[PDB]
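Inside the fold
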Amino acid sequence: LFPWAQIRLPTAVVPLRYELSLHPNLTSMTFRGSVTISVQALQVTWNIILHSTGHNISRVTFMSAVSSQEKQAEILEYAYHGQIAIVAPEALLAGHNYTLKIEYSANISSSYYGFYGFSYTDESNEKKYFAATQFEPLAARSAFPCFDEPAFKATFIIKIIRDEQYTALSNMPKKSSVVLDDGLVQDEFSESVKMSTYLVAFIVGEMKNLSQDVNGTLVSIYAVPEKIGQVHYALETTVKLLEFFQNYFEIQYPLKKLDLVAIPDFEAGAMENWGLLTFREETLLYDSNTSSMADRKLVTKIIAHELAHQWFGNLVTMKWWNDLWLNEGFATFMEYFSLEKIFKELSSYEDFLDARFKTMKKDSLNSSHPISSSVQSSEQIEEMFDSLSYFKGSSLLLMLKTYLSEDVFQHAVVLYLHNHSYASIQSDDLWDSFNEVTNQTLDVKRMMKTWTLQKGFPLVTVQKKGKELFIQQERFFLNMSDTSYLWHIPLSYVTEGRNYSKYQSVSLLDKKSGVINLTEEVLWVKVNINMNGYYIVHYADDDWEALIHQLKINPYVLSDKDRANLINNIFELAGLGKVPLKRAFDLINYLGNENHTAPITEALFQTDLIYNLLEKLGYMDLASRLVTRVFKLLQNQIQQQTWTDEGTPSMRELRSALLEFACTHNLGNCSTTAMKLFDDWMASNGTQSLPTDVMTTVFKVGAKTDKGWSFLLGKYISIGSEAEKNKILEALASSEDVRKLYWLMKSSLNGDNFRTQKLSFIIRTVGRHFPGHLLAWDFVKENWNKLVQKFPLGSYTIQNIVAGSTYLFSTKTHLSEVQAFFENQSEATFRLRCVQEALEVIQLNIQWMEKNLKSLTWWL
Ligand SMILES: *[C@@H]1O[C@H](CO)[C@@H](O[C@@H]2O[C@H](CO)[C@@H](O)[C@H](O)[C@H]2NC(C)=O)[C@H](O)[C@H]1NC(C)=O
Ligand SMILES: *[C@@H]1O[C@H](CO)[C@@H](O[C@@H]2O[C@H](CO)[C@@H](O)[C@H](O)[C@H]2NC(C)=O)[C@H](O)[C@H]1NC(C)=O
Ligand SMILES: *[C@@H]1O[C@H](CO)[C@@H](O)[C@H](O)[C@H]1NC(C)=O
Ligand SMILES: *[C@@H]1O[C@H](CO)[C@@H](O)[C@H](O)[C@H]1NC(C)=O
Ligand SMILES: *[C@@H]1O[C@H](CO)[C@@H](O)[C@H](O)[C@H]1NC(C)=O
Ligand SMILES: *[C@@H]1O[C@H](CO)[C@@H](O)[C@H](O)[C@H]1NC(C)=O
Ligand SMILES: *[C@@H]1O[C@H](CO)[C@@H](O)[C@H](O)[C@H]1NC(C)=O
Ligand SMILES: *[C@@H]1O[C@H](CO)[C@@H](O)[C@H](O)[C@H]1NC(C)=O
Ligand SMILES: *[C@@H]1O[C@H](CO)[C@@H](O)[C@H](O)[C@H]1NC(C)=O
Ligand SMILES: *[C@@H]1O[C@H](CO)[C@@H](O)[C@H](O)[C@H]1NC(C)=O
Ligand SMILES: [Zn+2]
């Protein structure tokens, strides 16, 4: 029986370095194992308890200091926690380095987790092989026996003997390689800096490269040869972002090398590794001419994310997974924070803003879970990998860093960085580096533990009565009894009174009610500047009709982030009931004079949730009258859009937003303009450039014709550009021919012309529009069994198939059906977070109709 009945390893033994030698042949999917672990005892144990899985071990056994002579112990194992224990020939006395050596058999993974391998086809013919690693969170132990926790850091020599052609890559630069007798090469890499078991990485496959030397460290993007041509932007961007993390962290990237790799597969594990960043082929390949704003915006942030992860996560790692949200939260913040100081032209705050919106309305559900609390098993380690925690974390740092200065934020960041580099940490340690705020401690970061420890976010009510600012707080709950919900809240607020002179100020509300005194007597006040604070603000009734009046006068007295914030808020409140729906729509009656994208898209987002909810109920006429009045507010901006790619990113994303609003709903010249552009494009065997900005729109309109449908289907199964094939798939699923809509899903499910990864994106698209709406949900239930086979229950795709099939229902008849269907298979499924959040969204719609179907009749 085995000497350790816990899931965490013992504090008994500690690794100091790892030495690893491996023979995978990619052709037969098998490999050599050999690990030498230079450990060290800190307390007496008869065993070394450590992690190992899937290893068929031949010979293993144990040294001391003292002797280069080695002596035979035998392994005991325990597969339930992945652990193995070596029964030591003699007592590990405290303070002594011993070294441990393991030989093993193993299989190369055929999933895409751990040490995995796959095949792909060439431009010229050919069957190529390839293998890589993906060790988060607990996968390293599958490749090689080790202390697989993030606290147990160490140093690494990895050496991999690989056939002549393949380029072997790994963390540290390749020190040496030496020809072996059969035709095989032996690659050895430098010993690694101190780093965590999960960050180890190594690649075997036929690539080329493209390099540049920022200062001392040299940056290179590795891709399969085909077109290493288009890693040119990736390369140039890693470069400026590299000496953008730079100086700001005031720490220098410790490695001599930094290599990014475009792995040639769609299920590629893309991750953080030090000196060996992975990506899916798709997310890196970019082309100045044929590729849109979306895929630059996306490739720029994807780089900027895994780059800050260098400092955050690798350099300074978690004690344990209970704090993952911190790094991924911080990285996600940097991703949006670097960009708007190097690439201020992308308007990457807009992405950010909307990202925060969608964060809050799922942080407002009751399915929500506060981001920090004890983890103890691994369904609890991978439950932490939902990007809701990441984005919320991200939101907190922007709120923390605009309350404290950006400078104050920086040094406390920098001060955080220096104090425990190469070390493991817990959450509160960052809050302490901050409490070296001020000359040294003027307020505590007990503040941040109110946000971390409680689900949801405060609703801040503001009333104002001639002197004043009466500020009160409660949890934003979506209705039908606990109150130790209290937040420490930075209250940015901006006003205007006297002379058109904008006064803005900060103040931290740390009790249930409070009050701030303004200097002048204003006509309007706005709370939460640029939505810097993660919360919703509700006003008393002629404080709301102050701002709206003010928006019809001169709205540009506010930012576009503020304006977008009111539109967000006023609509979500009128959902919760705290405002009539008709004063949301009088807020956006402003929009005749709007020119910034951020508020227009957010209003268009809102109005079209309303459009679709109505449309799925029978109330089609109400729905249609709704959009045409949005259309009329935005009528000039719509026509003045040119069907082009010309302009600032912001004004391009606006252009693409306005143009397929007007087209989705057939409003004005727009559908025709588009359908000429489609015939020209289709005339030309595809051989004509569509402005990528109007490309998804042009495709939709054409997908509405059996001629057009069948063309675009040929272009899907033929053309190479995976970017444009999702704007084609989209269209194919924006048909209203039900038989096709079914056949798309039926086929994506069977992996026929569309790989099964895309079905979740198909299903969401079919069901979102009236003709497919019931068809989607029925597909989801008619093949539920085969849906659980290829997406493991609770995974982020069975996620969406239920979210995106059902989130539009609004009748208690439907509600019953959804719940009757899910309980009717399993109760273990029936109380999945995904499933009763699915159910939770549906009554919120019923509630929404119950309060706002309304009287849509007397207006609208
Ligand atoms: C995996 O096993 C195969 C088969 O033993 C090894 O194969 C050879 O591949 C080279 C080219 O890469 C050919 O020139 C040889 O003729 C092949 N030999 C045979 C017997 O098929 C392969 O090298 C092994 N992989 C590794 C990494 O050692
Ligand atoms: C990536 O390709 C580049 C060519 O664009 C290689 O660059 C030179 O590589 C040789 C080979 O070691 C060096 O001796 C030269 O010093 C490099 N050029 C300069 C200006 O320094 C690069 O080596 C390739 N990547 C790898 C890993 O070899
Ligand atoms: C691996 O395969 C089995 C154990 O599952 C055993 O018969 C065989 O000898 C093992 N190979 C080595 C090299 O230990
Ligand atoms: C080896 O052990 C000694 C004490 O036994 C310790 O002082 C030393 O640091 C260890 N070696 C390394 C490289 O740390
Ligand atoms: C690889 O998988 C086979 C089953 O397909 C198993 O018998 C074998 O033991 C595995 N290899 C190791 C090292 O466990
Ligand atoms: C290059 O050299 C060192 C990096 O170690 C740094 O002090 C210096 O500022 C760097 N300069 C630039 C332009 O990156
Ligand atoms: C170092 O960490 C300790 C926690 O023991 C903390 O109190 C201290 O403020 C940190 N110092 C810096 C400069 O971050
Ligand atoms: C607000 O004004 C009153 C005096 O009119 C003062 O007593 C109170 O402390 C002020 N509050 C703040 C937060 O400045
Ligand atoms: C948008 O608002 C008005 C134009 O109606 C103008 O004052 C303002 O500068 C415009 N901003 C941009 C970026 O065009
Ligand atoms: C259209 O182009 C494809 C290559 O992308 C080619 O295979 C096909 O035969 C062409 N069609 C015609 C009618 O020439
Ligand atoms: Zn990340």
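As documented in the archive entry, the model was determined using X-ray crystallography at 3.37 Å resolution.

Secondary structure assignment for the protein chain yields 29 helices and 29 strands. What you see for the protein chain is a C-alpha radius of gyration of 29 Å, in line with the 29 Å of a compact globule of 860 residues. Summarising its shape, the C-alpha atoms of the protein chain cover approximately 90 × 70 × 60 Å along the three principal directions.

Here we come to the site of ligand 3. What surrounds ligand 3 is the set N56, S58 and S105. In this structure, an oxygen atom belonging to ligand 3 sits 2.5 Å away from a side-chain N or O atom of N56. Protein contact buries 27% of the 370 Å² of open area that ligand 3 shows by itself.

Our next topic: empty space enclosed by the protein. The space that makes up the largest cavity amounts to roughly 80 Å³. Taken together, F357, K358, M360, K361, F457, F476, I536, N568, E572, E602, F605 and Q606 form the lining of the largest cavity. When residues of the lining of the largest cavity are traced back to their parent elements, those giving at least two are α5 (348-363), α12 (560-576) and α14 (597-616). Among the elements that take part in the lining of the largest cavity, α5 stands out by supplying 4 residues, more than any other.

Here we take up the packing of aromatic side chains. To describe a pair of aromatic rings, you give the distance between the ring centres and the angle between the ring planes. Inspection of every chain in the model, using the stated rule, returns 59 aromatic pairs. Ring centres of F118 and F130 lie 5.3 Å apart, and the angle between their planes is 5°; on these two criteria the pair is classed as stacked. Highlighted residues: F118 in strand β8 (residues 114-121) and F130 in strand β9 (residues 127-134), separated in sequence by 12 residues. Across the pair, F130 and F118 agree in class, each one buried. The ring of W320 carries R8 above its face, with NZ or CZ at 3.9 Å from the centroid. Over the face of the ring belonging to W709 we find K740, whose NZ or CZ atom lies 5.7 Å from the ring centre.

Attention now goes to the coordination of the zinc ion (ligand 11). All of the protein donors around the zinc ion (ligand 11) are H305 (NE2), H309 (NE2), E328 (OE) and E328 (OE); their distances to the metal are 2.0 to 2.5 Å. Geometry at the zinc ion (ligand 11) is irregular, judged from its 4 donor atoms and the angles of 57 to 151° they form at the metal. In terms of primary sequence, the donors binding the zinc ion (ligand 11) are separated according to H-x3-H-x18-E. Placement of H309 in helix α3 (residues 293-311) and of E328 in helix α4 (residues 324-342) is noted, with a sequence separation of 19 residues between them. Here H309 matches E328 in class, with each residue buried.

With that settled, consider the environment of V299. Of note, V299 is situated in helix α3. Spatially, the C-alpha atom of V299 lies 9.3 Å from that of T237, the residues being 62 residues apart in sequence. Excluding its chain neighbours within four sequence positions, the residues that come into contact with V299 are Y233, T283, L284 and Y286.

Next up on the list: the nonpolar core. Ranked by internal contacts, the top residues of the largest apolar core, which has 270 residues, are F249, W311, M334, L417 and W451. Per-element tally for this core: the top contributor is α4, with 9 residues. Ignoring sequence-local partners within four residues, the contact set of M334 consists of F244, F245, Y248, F249, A308 and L339.

Time to look at the sheet that holds strand β6 (residues 83-92). Spatially, β3-β6-β5 is the arrangement adopted by the 3 strands of the open sheet, whose pairing is antiparallel. With partners counted over all chains shown, the strands left at the sheet margins are β3 (45-51) and β5 (74-78), one partner each. Neighbour-to-neighbour, the strand axes of this sheet turn through a mean angle of 30°, independent of strand direction. As paired strands, β5 and β6 are joined by 5 bridges and run antiparallel to one another. Of the residues in β6, the one forming a bridge with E77 is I84.

Here the focus is a negative patch on the surface. Residues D163, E164, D181 and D182 make up a contiguous surface patch of negative charge. Its place among the elements puts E164 in the loop between β10 (155-163) and β11 (167-170).

Here we come to the environment of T705. For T705, the location among the structural elements is in the loop between α19 (695-702) and α20 (706-716). With a relative accessible area of 27%, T705 lands in the partly exposed category. For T705 and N595, which are 110 residues apart along the polypeptide, the C-alpha to C-alpha distance reads 34 Å. Within the structure, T705 has its side chain in polar contact with the backbone oxygen of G702 (distance 3.3 Å).

Another aspect to go through is the sheet that holds β10. Taken together, 7 strands build an open sheet; the order of strands is β4-β7-β2-β1-β10-β13-β12 and the sheet is mixed. One side of each edge strand has no neighbouring strand; the edge strands of this open sheet are β4 (60-62) and β12 (174-179). Pairs of neighbouring strands in the sheet enclose a mean axial angle of 10°, with direction left out of account. Pairing geometry for strand β1 (residues 17-25) and strand β2 (residues 30-40), over 7 bridges, is antiparallel. Considered in β2, the bridge of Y18 is made with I37.

The environment of ligand 6 is formed by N215, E243 and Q252. The separation between an oxygen atom of ligand 6 and a polar side-chain atom of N215 is 2.6 Å. Interatomic distance of 2.5 Å between a side-chain N/O atom of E243 and an oxygen atom of ligand 6. Its free accessible area being 370 Å², ligand 6 has 31% of it covered by the protein chains.

On to the domain arrangement of the protein chain, then. Taken domain by domain, the protein chain comprises domain 1 (1-207), domain 2 (208-456), domain 3 (457-539) and domain 4 (540-860). Distance from the C-alpha centre of domain 1 to the C-alpha centre of domain 3: 55 Å.

Turning our eyes to something else, we now look at helix α21 (residues 724-733). By the criterion of burial, α21 is predominantly enclosed, with 7 of the 10 residues buried. Every buried residue of α21 is listed here: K725, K727, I728, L729, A731, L732 and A733. On the buried face of α21, the contacting elements are α19, α20, α22 (738-750) and α23 (759-768).

The UniProt feature table records "binding site: substrate" at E136, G269, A270, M271, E272 and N273. These residues run over 138 residues, yet every pair of their C-alpha atoms falls within 11.0 Å of each other. By secondary structure assignment, the location of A270 is in the loop between β17 (257-263) and β18 (276-280). On the basis of relative accessible area, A270 is assigned to the partly exposed category, the value being 29%. By the element assignment, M271 lies in the loop between β17 and β18. We classify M271 as buried; its relative accessible area is 6%.

About the thresholds
- Residues numbered from 1 in each chain as written, not as in the entry; some residues may be left out.
- Chains lettered and ligands numbered in written order.
- Heavy atoms only, no water.
- Residues with missing side-chain atoms left out of burial classes, pairs and counts.
- Helix = DSSP H or I, 4+ residues; strand = E, 2+ residues; numbered from the N terminus.
- Rg over C-alpha atoms; globule rule 2.2 N^0.38 Å.
- Near = heavy atom within 4 Å.
- Polar contact = N/O pair within 3.5 Å; in protein donor to acceptor, adjacent residues only side chain to side chain.
- Areas by Shrake-Rupley, 256 points an atom, 1.4 Å probe, with all protein chains shown as cover.
- 1 Å grid on protein atoms, 1.4 Å probe; cavity = no way out; pocket = protein on both sides within 12 Å on 5 of 7 lines; lining within 4 Å.
- Points joined across faces, edges and corners; volume = space filled by probe spheres on them.
- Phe/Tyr/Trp six-rings, centres within 6.5 Å; stacked < 30°, edge-to-face > 60°.
- Buried < 20%, exposed > 50% of the residue type's maximum accessible area, 1.4 Å probe, protein only.
- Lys NZ or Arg CZ within 6 Å of the ring centre and 35° of its normal.
- Donors = N, O, S within 2.8 Å, 3.2 Å for Na, K, Ca; no water.
- Tetrahedral: all angles 85-135°; square planar, octahedral: opposite > 155°, others 65-115°.
- Contact = heavy atoms within 4.5 Å.
- Core = buried A, V, L, I, M, F, W, Y, C linked by side-chain atoms within 4.5 Å.
- Pairing = 2+ DSSP bridges.
- Axes fitted to C-alpha atoms, helices over the stretch in contact; angles between N-to-C directions.
- Patch = residues over 30% accessible without salt bridge, like charges linked within 9 Å, V, L, I, M, F, W, Y side chains within 5 Å.
- Salt bridge = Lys/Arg side-chain N within 4 Å of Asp/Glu carboxyl O.
- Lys, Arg positive; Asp, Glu negative; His and termini not counted.
- Charge placed at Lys NZ, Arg CZ, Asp CG, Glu CD.
- Domains from an automatic or database assignment.
- UniProt positions renumbered as here; feature names shortened; annotations may be inferred.

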